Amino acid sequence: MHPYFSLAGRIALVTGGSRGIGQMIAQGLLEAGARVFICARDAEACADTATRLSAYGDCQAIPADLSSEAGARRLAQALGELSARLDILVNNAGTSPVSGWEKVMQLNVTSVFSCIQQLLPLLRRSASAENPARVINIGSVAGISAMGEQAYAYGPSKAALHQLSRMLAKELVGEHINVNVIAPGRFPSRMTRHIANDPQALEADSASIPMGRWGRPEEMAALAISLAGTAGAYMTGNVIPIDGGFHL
């Protein structure tokens, strides 16, 4: 790949990389030339994903349960046996009665902090003036647009994550660790598979999106690749919508 977008010789980790947006990103980074580790809650499904993604580059699954402070140290430990450094961290592991709020806030915010905190040593092993280490957090336009629907825990959790990302960016910038947010609108995911399969329900749901369609997997891949590379080297603390104009 052209040097603007090439990730050859870079080592990447994508949390929640076994399906949906995380998997779209992992495939892109592999296609760009990076070595890509992935992790998810389900170790078997994650290893199956890694195997399938091995048709695109060097991909390995690592066991991780990020919904705990022990889980974040375990991932850092397991990665450290496999690599001396980490160049690219993509935090996608997320989720969507107020009894469910505690869990939404845990996975979307706190677990991302813990994951970053424990990986700081090997991120610092990588970070330099010539090429900063990259942290890319997957947020949501639900954390910015007032046009929520239901799911009143989700939007606020992503806003917490966007703000956490901004604070980290500011603190880490002198250490040559860049922190940025991709803020997706609607993209294909097994959660909304029923909508995607039925053309009537698909176009009906796309009426809320100014572009009148869902995002494409290659759009997510493309953006993640550029953010991890030359296009993203001079940015930190950004929150970038990829959302069909929803945020307007």
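Numbers follow the displayed sequence, beginning with 1.
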Unresolved deposited residues lying between neighbours residue 96 and residue 97: 4 to 9
Averaging the C-alpha temperature factors as deposited, the higher value of 235-243 versus 222-230 falls on 222-230
Mean CA B-factor: is it higher for 30-38 or for 185-193? 185-193
Quick one: which of 174, 132, 156, 148 has the biggest Cα B-factor according to the entry? 148
Out of 211, 61, 204, 179, highest CA B-factor residue: 204
Please rank the C-alpha B-factors of the chain's modelled residues and tell me whether residue 8 sits in the lowest, middle or highest third. middle
Lowest, middle or highest third: which one holds residue 139 when the chain's residues are ordered by CA B-factor from the entry? lowest
Sorting by Cα B-factor within the chain, modelled residues only, which third would residue 74 end up in: lowest, middle or highest? middle
When the deposited Cα B-factors of this chain's modelled residues are ordered and cut into thirds, is residue 111 in the lowest, the middle or the highest one? middle
By the entry's values, the third containing the CA B factor of residue 85 is the middle
